[PDB]
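The chain that follows stands alone, in the form deposited in one PDB entry, written as structure tokens.
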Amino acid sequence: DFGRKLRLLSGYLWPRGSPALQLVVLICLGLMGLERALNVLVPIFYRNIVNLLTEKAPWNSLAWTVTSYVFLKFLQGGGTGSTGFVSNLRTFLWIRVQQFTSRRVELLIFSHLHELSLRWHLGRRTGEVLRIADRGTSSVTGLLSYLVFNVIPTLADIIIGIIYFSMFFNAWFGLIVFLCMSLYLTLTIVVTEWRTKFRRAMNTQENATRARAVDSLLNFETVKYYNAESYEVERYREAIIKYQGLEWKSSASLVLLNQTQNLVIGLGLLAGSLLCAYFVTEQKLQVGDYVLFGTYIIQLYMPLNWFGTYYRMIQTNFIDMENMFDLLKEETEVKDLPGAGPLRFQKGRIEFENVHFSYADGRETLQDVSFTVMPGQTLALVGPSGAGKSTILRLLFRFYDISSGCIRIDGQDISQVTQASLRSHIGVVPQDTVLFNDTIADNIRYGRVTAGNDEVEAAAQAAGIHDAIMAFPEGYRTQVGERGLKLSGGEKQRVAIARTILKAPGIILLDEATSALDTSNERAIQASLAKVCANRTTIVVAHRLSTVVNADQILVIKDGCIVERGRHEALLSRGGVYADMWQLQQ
């Protein structure tokens, strides 16, 4: 698992497109190498300074060596390595590089999320699916940073120090450093797993307590069904105590981890210092070697202080990146595109042949359904409240797929046509239109982006909404939606009419809204529909009399099956739609 995940990380490391960023990557790697070299060099110069000082050297050489050592200590981090001029140049350049990868990953995720089929988006919520994506991009960035620039450099420092001590200092100090660092790493990992178990146990109860508090605040019914303020306080207190117990366990585990790491490094330092002092007394080592060993041990210790955290974060980011990859691979485009060739929209003839469709498991909704609309002619659909009418509207728009049957537009099966042209050629008015947070002019032009402002104004005039736009103070810069002011029913229905005018479609998949409003504005809206649906193939879905009376072919659906066919007056005489119209609306 480690090998494959490292392979994916390495694949994401190199910027594929720009050449100006690979140079920056190489410079950053070179700076990392230079930091390792400085890590080795500085204690050596400290030893040289002490050795020169102990033998009464003249002022000139001492001054120049002191200046050089101070300069090296400035280049290296004055503390914890995250401080020097080097590695800060590195943070700068890696800012510039990591920005590119973050943008690319975010755009790839956002461009994949917009092509999955509808059933996928009706299934899962939006908050969870966006949390996974955000956490995935943060995971890839943090994994690259953490590993490459904080974990491998330290494991290289340990090995380099082992080599230097074992070859250029003595033989036993190699054993000392090796044993100390091995024990440190082993104990850190072993304690860290245990502490992770405790941390998860605490986090669950924290979330539960927050939920309880939110629930007690939202329902101000505590006053009604009792004087139960005290009870809601007491349950909150009990939950708080439970959470506090778990938190105490977790943080005591943290303190234990810190103490064991400190004890290991202290034992190593004690052994090394005692051996070095004994050797110095026996004229085998010089006075500077003592401070060399002390400084180098502290220098090794400082990065090691943050390895439990790195272990935790590496594991978490690995599982997160696996989640993000497994939704990137989820190629559920079930209503995909086999073949190509744009639909030839001559006039707008729609056909049906005993189509079979079933999206709800077990039961089947649409069976043996076939009808036809002449170009320009208007068809209506009436029946009991359910899904069949909206379902067939969705089927015509190529959202789901037909299990068995045939469905054509102008003698052309839409199963073999590209989705883009199909969806471009067909207009529609939904149940309730939604205006995203932007200006009114932008919402109008959203029907066709390339169009200019004059078309926007002309269509707003054509839809009878332009005066109400002038009623707003700012006008065409007015903030709309949740951020801006709220809109009444006629306003949003008219803006939908405006944008569907902009789109200039051939078929209007009208779906009349059931929103309650004054009859005058309602009849104005229906008139606007009448002059926008003129000379265009139309399919109307409504529970009202207005669509029924003037339509050309009324259809009735019972459990997703055609029971009555024909015209308004024949259905009236049959004793069918007559009873439904008299009972439903009266």
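Each form is matched to the other, and the largest set of C-alpha atoms that superpose within 1.5 Å is called the rigid core. Numbers for residues come from their place in the sequence shown, where the first is 1.
Beyond the structure shown, there is the form deposited in another entry, which is absent from this document and is the topic of what follows.
In a core superposition between this form and the one not shown, the Cα of 473 is the only one among 473, 411, 127, 79 shifting by 2 Å or more. When the rigid core is held fixed, the Cα atom of residue 463 travels 2 angstroms or more between this form and the one not shown. Relative to the superposed core, residue 520 shifts its CA atom by 2 Å or more between this form and the one not shown.
Once the cores line up, the CA of residue 563 ends up 2 angstroms or more apart between this form and the one not shown.
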